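Structural description and commentary
The primary structure of each chain is shown beneath.
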There are 2 protein chains.
Amino acid sequence: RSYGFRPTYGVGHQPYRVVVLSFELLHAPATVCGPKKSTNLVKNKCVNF
Amino acid sequence: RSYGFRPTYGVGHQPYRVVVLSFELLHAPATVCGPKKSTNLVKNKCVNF
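Its PDB record attributes the structure to cryo-EM, giving the resolution as 3.49 Å.

As recorded in the PDB entry, chain A goes by Spike glycoprotein and comes from Severe acute respiratory syndrome coronavirus 2.

1. What about unusual backbone geometry?
Its identity as a non-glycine residue notwithstanding, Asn44(A) has a phi of 60°, on the positive side. For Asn44(A), a relative accessible area of 78% gives the class exposed.

2. A few points about the layout of surface pockets
Empty space within the largest pocket amounts to approximately 220 Å³. For the largest pocket, the full set of lining residues is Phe23(A), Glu24(A), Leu25(A), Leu26(A), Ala28(A), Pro29(A), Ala30(A), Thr31(A) and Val32(A). When the residues that make up the lining of the largest pocket are grouped by side-chain class, the tally is seven nonpolar, one polar and one charged. By volume, the second largest pocket is sized at about 190 Å³. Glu24(B), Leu25(B), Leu26(B), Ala28(B), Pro29(B), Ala30(B), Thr31(B) and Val32(B) are the residues that line the second largest pocket. Among the residues forming the lining of the second largest pocket, the class breakdown is six nonpolar, one polar and one charged.

What counts as what
Residues numbered from 1 in each chain as written, not as in the entry; some residues may be left out. Chains lettered and ligands numbered in written order. Part of a larger assembly, values for the part shown. Heavy atoms only, no water. Buried < 20%, exposed > 50% of the residue type's maximum accessible area, 1.4 Å probe, protein only. 1 Å grid on protein atoms, 1.4 Å probe; cavity = no way out; pocket = protein on both sides within 12 Å on 5 of 7 lines; lining within 4 Å. Points joined across faces, edges and corners; volume = space filled by probe spheres on them. Nonpolar A, V, L, I, M, F, W, Y, C, P; charged D, E, K, R; others polar.

This is the structure:
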């Protein structure tokens, strides 16, 4: 069935753009990552890795 | 108090028809049933009655 996308219609049938993100969570090599900066590893010292 | 059921009014106060059905659930003889066809019973056999 088609839609009556009339610009004069009220909020009763005002269309919106919609995006669905299905994040993939599993134990696998990671490709996409957030915006952080790497540092230097520290050996033989208690660190919050 | 009455209502301003104006057809030119927006979706703010557009009345709807509502039908409420209250199913009755108890261990009592059943009168209303779904659209399924009965079968013939089997004796002395493991059967999902």
